[PDB]
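Structure record follows, encoded as structure tokens.
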Amino acid sequence: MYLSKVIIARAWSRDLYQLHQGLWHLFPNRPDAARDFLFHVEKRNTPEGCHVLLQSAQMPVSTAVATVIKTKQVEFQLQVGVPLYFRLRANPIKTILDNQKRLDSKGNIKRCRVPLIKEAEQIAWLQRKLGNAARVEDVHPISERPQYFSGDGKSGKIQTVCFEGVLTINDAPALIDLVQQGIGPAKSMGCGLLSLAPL
Amino acid sequence: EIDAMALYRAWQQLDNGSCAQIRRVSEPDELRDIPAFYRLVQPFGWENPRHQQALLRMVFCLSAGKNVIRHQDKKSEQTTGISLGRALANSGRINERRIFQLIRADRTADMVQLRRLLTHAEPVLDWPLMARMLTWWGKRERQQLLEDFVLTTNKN
Amino acid sequence: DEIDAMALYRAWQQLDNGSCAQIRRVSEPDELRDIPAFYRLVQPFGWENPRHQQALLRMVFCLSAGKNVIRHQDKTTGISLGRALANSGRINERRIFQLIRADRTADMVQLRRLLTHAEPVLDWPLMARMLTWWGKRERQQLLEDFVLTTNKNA
Amino acid sequence: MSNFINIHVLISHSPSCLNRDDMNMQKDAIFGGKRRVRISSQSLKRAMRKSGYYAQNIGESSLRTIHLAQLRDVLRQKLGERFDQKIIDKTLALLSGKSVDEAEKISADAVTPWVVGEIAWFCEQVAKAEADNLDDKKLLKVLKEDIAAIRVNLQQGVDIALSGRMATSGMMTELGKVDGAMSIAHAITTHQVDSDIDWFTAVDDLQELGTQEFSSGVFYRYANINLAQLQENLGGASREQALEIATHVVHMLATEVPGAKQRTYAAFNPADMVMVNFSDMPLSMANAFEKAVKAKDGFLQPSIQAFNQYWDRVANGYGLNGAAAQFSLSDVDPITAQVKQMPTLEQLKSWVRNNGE
Amino acid sequence: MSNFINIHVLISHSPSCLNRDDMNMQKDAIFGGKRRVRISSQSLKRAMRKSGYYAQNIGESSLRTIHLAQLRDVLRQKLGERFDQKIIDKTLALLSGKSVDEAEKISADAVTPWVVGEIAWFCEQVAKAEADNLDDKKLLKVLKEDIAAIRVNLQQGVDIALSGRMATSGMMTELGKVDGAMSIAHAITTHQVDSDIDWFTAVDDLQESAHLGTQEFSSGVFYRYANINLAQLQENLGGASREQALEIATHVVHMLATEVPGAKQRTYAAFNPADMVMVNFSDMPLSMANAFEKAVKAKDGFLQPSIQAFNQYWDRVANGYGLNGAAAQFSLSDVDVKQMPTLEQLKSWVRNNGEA
């Protein structure tokens, strides 16, 4: 597992799709299939590009558009019952089936993921996702701008929520699994990266 | 091969979300980044590049607000519709030196200034005229804008 | 049939130092289009009729040399620009060769620089008509007048 | 030191759903080089106007609107038993000022704060038209000589007397021009709110200072009431009354939160911190938090301490004369100054009611 | 070192908008290649003139207008019991070079600061002009001798003695020309500022959507600079004593240290006091603006490193160009020049010409 800080040129950073496709070229294997990586956008505006915190299973190699600043080999050593700081940009949703009777490819009724617009439901979603791995001691749900994107031929939305707070570890391997694999949908759109720190 | 007034109408009928996405933009080049723009402007000119710049300008002006630019048809006695210059002059909130600076601006900058004027003016004008001037936006069009403003104030 | 009056000249004489300062500070007639005081000055005559616009640009541009650069003198026919520049004695005929060979905006520039250096006396309506057309025969006639007067006063 | 009353409030509560943009994110502001959660002045003010405490202790809130068409129905409804409808139409149309033609759609430049009282008063005065009739311009001339009588009517619409209004296309442009009397600042956190954590470095410290609170936030609210200007705005009125209203304002600023949800420490005490200070010139203690208040135990205690120290330095440094009273109750930390300590918020309010006696 | 007294003020402001332009944008200025929030010197000066402290300690503020039709009525009311009205009428026309004919609207060339005292004085002189009666040219030729006698009256309007006035028409063009004596800079922030945008709405109580508006606002550590030429101030007041001038100087220090423009203070209320005030005497004026040419960066706020940078640059300039003049500094934060614990002691230190 490798943790890095990467910057992407503005000309290759208009949509989250462009961020994904641009970050992709740091690991040349086809088809891996991958992503074996997660990332979190901290600064969105140029120059030089957009700053990103990239967790991966390989060592990134800088390209023309994607520039690595620092790289780290890291082993998460988590102890039980220890208070920690956490940050997680996530996509809290509810899969429901459409009030409009739109049709998918199979001729059945289409489903839609909808944002949870109430704090209680978001926090409930969070502690639910964590489960027996950890218990949320304190949480700040930061409301973000709705993100839009393009490609391949579809224009869609990703409403994100940025959780920042304190938690306590109950089970370490489960939490390591949560960090490594990611939490929630839109993992390719810069969600699911759980960042931890000591207080 | 010409852009219709329908765009304006479309801009009027579009939902608040996309309008919010479009309104908060600094430069016309930054307008390219957002998808709602492509969805709005798709019927009229893409992918024929001849209109693209113009469209970028037009929508940008429209990006001032949903009801900033108030459209008024030309009277049968008027023969020609109220022009952008005449509009900004009639508003009474605009000082001529900023239109001077508008005529002295270059590329993206001018649009930046122009939008800023519209929001402060809440002008009434014939939209096809403004669209026509924005399509080319040559030196003569700028100078004509200034003509209309200064002449309108001096004559009335 | 629409003619630009001599009133313009008078107006130029009576205009304030501020606007005249704004006007004199100009390189080309298009930059004269750029400034508002010009539009305020030239409206009555007027600017809103495109048949007159070029002529007005030239006339005002020439007057922009200064408030008392072009000195109007009543007349059979009044002193012409060629005769004026010749009578001044400060102008070299080569620069007028240049003037006749110049193209578009350049010639007007060259013309203005001459006036400032000449301080000529002439009948303003004549210069106004010549600036109204400014064809090949106006150029040619200008050079003719200059050369003939200079030859006649040497 | 008097005529200006300063209200300093430290109130801790949720930093999440208070005041937002049009793009679904909490309002913020940069102070001391760090980003802080913000609640706009208008948000606090409206939160006060439509509060229950306002309705019980101050009176009816003003009705701010732009639709005169919807307005005429309400006016005729509530005060039709008192006056004639055509008359109401006349005084309305004059007062705004566009003709009311039953067109069911009249919008005029607004939003403008309308109180039913003054409108009824103009209904009383327009009776002079039933006299001669006197020319409206003349009536304007007469009414302009005595605007204070109009100002007396704003006792039923205090919020206008506090925040003020402006007119542009109405006769009231000369009659309803009200400024003051309360100046209110935007509420900003005394501390940085987003975690200042270099996670990239943090992963190294995983094997192994003050704790940070996330669901709570210490906001600093400032307010200032010009007592004389309030007296003028309410029509010639007793100082004591202006201080009473001032106390109500102190309480509201001390307790109220947008969305009407309570403080994080609301269950124990009525307020987290409130200091009131009489002065000749307005003074804000925002610069007590220019240096970002880092977490010690919580954010409240060090915020209070910082406030205390800055108040010491400002008080001694410039002028330490004015009447002041503090409600902290925080653990064992003193303001080395000439300030009266109050055990309860009600004692503080009472202390203000008596002009700092 | 004397004659020039330099006033330096570091004052931090909470989120506000103390100065706008014609398009409601926050006034700014590029310094050191980076954007700074700017407060106009004219704005500070007016904020001083119309302040209560000015009324209490200095007195009458000059009234500036072009409307001579209104000024006619005003002068007629304030000087009616003292002089004949035809005399006032003639005097105003002599000073302005305009009308007298009871017109509904008499407008002048530009906004000129008027003081009732000077006009009263000129009425007292034109009373003597009624004797012969000497022509206006002869009277003006007579008044050409004693300019200082006209300047003595200017103590009823100090704002003119501080900021000066320019006369274009009338007899003021040869008598009312006042220079000096206070040079004040535009207040700029010591650091780079990216202005925040307040997205507000106007809630219609009679309806459930809405269109939004924007208001530019920002917080920041401003550096105000002022400078008083004592000799010029004495000349503007008719050769007044130095001791009398230094008091006005102290009042200027206090006002520059405490006064804040009332722009958007009803909605933002940036009523903050100055965190630092330094005063130094010098034979040559000197601004410490280049202390912040290299825009300060926030360590624990902008205030602390602003103070530090200011002190450092002052040391550099002082050692570099000699500068052995009286200097005193007053700060709220006690941290690393003579130190003054309070502002009153600083003002008293100025009153005694920087000595002790």
Report summary line: So, over other residues within a Cβ distance under 13 Å of E:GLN85, counting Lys, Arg +1 and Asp, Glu -1, the net charge is +1
Requested in this report: Starting from the Cα of C:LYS136, draw a straight line to each of the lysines and keep only those under 29 Å, dropping any in the same chain fewer than 8 residues away.
Outcome: B:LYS139, C:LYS67, C:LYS75, C:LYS152
Report task. Name the shape class, rounded, prolate or oblate, that the alpha-carbon gyration tensor gives for region C:57-99, where a ≥ b ≥ c are the square roots of its eigenvalues, rounded holds for a/c under 1.5, and otherwise prolate holds if a/b is larger than b/c and oblate otherwise. Result -> oblate
**Report entry** Debye, to nearest 20: dipole size of the protein assembly as shown, +1 on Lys, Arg Cβ, -1 on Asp, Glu Cβ
**Finding:** 3080 debye
Requested in this report: Give the value in nm², to one decimal: projected area of the alpha carbon convex hull of chain B, averaged over all directions.
Outcome: 9.1 nm²
**Report entry** Set of region E:84-105 residues, backbone N closer than 13 Å to the point 7 Å along the Cα-Cβ line of E:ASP136
**Finding:** E:89-101
Report task. For an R0 of 45 angstrom, estimate the FRET efficiency from the Cβ-Cβ distance between A:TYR17 and D:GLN341 and round to the nearest 0.05. Result -> 0.15
Query - Cβ-placed point charges (K, R +1; D, E -1), dipole of region A:77-199 about Cα centre in debye, nearest 20 - result: 700 debye
Report task. Could you estimate the translational diffusion coefficient of region D:1-126 from the Stokes-Einstein equation, with Rh from the Kirkwood formula over C-alpha pairs, at 37 °C and 0.692 mPa s, in whole µm²/s? Result -> 180 µm²/s
Report summary line: If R0 = 60 Å, then E:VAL116 and A:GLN79, at their Cβ-Cβ distance, give a FRET efficiency to the nearest 0.05 of 0.15
Report summary line: In whole angstrom, the spacing between the Cα centers of region D:104-152 and region E:176-210 equals 34 Å
Query raised in the report: Bin by bin, in steps of 10 Å, what percent of the Cα pairs in region E:56-140 do you find, going until the bin that has the longest distance?
Result: 16, 50, 29, 5, 0
Query raised in the report: What pairs from D:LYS291/E:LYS297; D:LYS296/D:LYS349; D:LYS27/D:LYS340; D:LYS294/E:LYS299; E:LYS90/E:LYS138; E:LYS27/E:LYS299 go past 24 Å between their alpha carbons?
Result: D:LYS296/D:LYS349; D:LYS27/D:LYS340; E:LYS27/E:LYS299
Query raised in the report: Based on the Kirkwood radius over alpha-carbon pairs, what is the Stokes-Einstein translational diffusion coefficient of the protein assembly as shown at 4 °C with 1.567 mPa s viscosity, in µm²/s?
Result: 36 µm²/s
Query - Dipole magnitude of chain B about its Cα centre (Cβ charges: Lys, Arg +1; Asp, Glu -1), debye to nearest 20 - result: 360 debye
Query - Set of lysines near A:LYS106 by C-alpha distance (under 28 Å), chain-local residues within fewer than 8 positions excluded - result: A:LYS94, A:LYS154, A:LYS157, A:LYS187
Report summary line: Relative contact order as a percentage, region A:1-76, C-alpha pairs under 8 Å and 6+ apart, gives 51 percent
Report summary line: Here the equivalent ellipsoid of chain A, derived from its Cα gyration tensor, has semi-axes (largest first, whole Å) of 26, 25, 16
Query raised in the report: At a Förster distance of 41 Å, what's the computed FRET efficiency of E:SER195 paired with B:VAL124, Cβ-Cβ distance as r, to 0.05?
Result: 0.85
Query raised in the report: Under the rule of -39500 (n - 2.57) per DSSP H run of 4 or more residues, summed and divided by the residues of chain A, what mean residue ellipticity at 222 nm is obtained, to the nearest 500 deg cm²/dmol?
Result: -4500 deg cm²/dmol
Query - Whole-Å distance, taken between Cα centres, linking region B:1-64 and region E:277-335 - result: 52 Å
Report task. Write out the trypsin sites (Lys or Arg not before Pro) in region E:10-59 meeting two conditions: DSSP loop, and at most 16 other Cβ atoms within 10 Å of their Cβ. Result -> E:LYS50
Requested in this report: Return, for the Cα atoms of chain E, the radius of gyration and Dmax in Å, separated by a comma.
Outcome: 23.8, 79
Report summary line: Along the dipole axis of chain B (charges at Cβ: +1 for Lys and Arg, -1 for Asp and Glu; origin at the Cα centre), the most positive-end residue among B:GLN78, B:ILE2, B:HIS51 is B:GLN78
Query raised in the report: If only Cα atoms are counted, what is the Rg of region D:196-349, and what is its Dmax, in Å?
Result: 18.7, 70
Query raised in the report: Which order results if D:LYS98, E:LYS177 are arranged by neighbouring Cβ count within 10 Å, fewest first?
Result: E:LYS177, D:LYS98
Query - chain B: relative contact order as a whole-number percent, Cα under 8 Å and 6+ apart - result: 29 percent
Query - Radius 12 Å from Cβ of E:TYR313, net charge of other residues (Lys, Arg +1; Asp, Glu -1) - result: 0
Requested in this report: Using every Cα-Cα pair within region A:1-76, state what percent have a distance larger than 18 Å.
Outcome: 32 percent
Requested in this report: Take the Cα of D:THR211, step 7 Å along the line toward its Cβ, and report every residue of region A:161-187 whose backbone nitrogen sits under 20 Å from that point.
Outcome: A:164-171
Report summary line: One quarter of the C-alpha convex hull surface, i.e. the mean projected area of region D:254-309 in nm², amounts to 5.3 nm²
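A short reminder: the numbers here are calculations on the coordinates, not readings from a lab. No Cβ is skipped: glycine too gets one built from the backbone with ideal geometry, and neighbour counts run over all protein chains shown.
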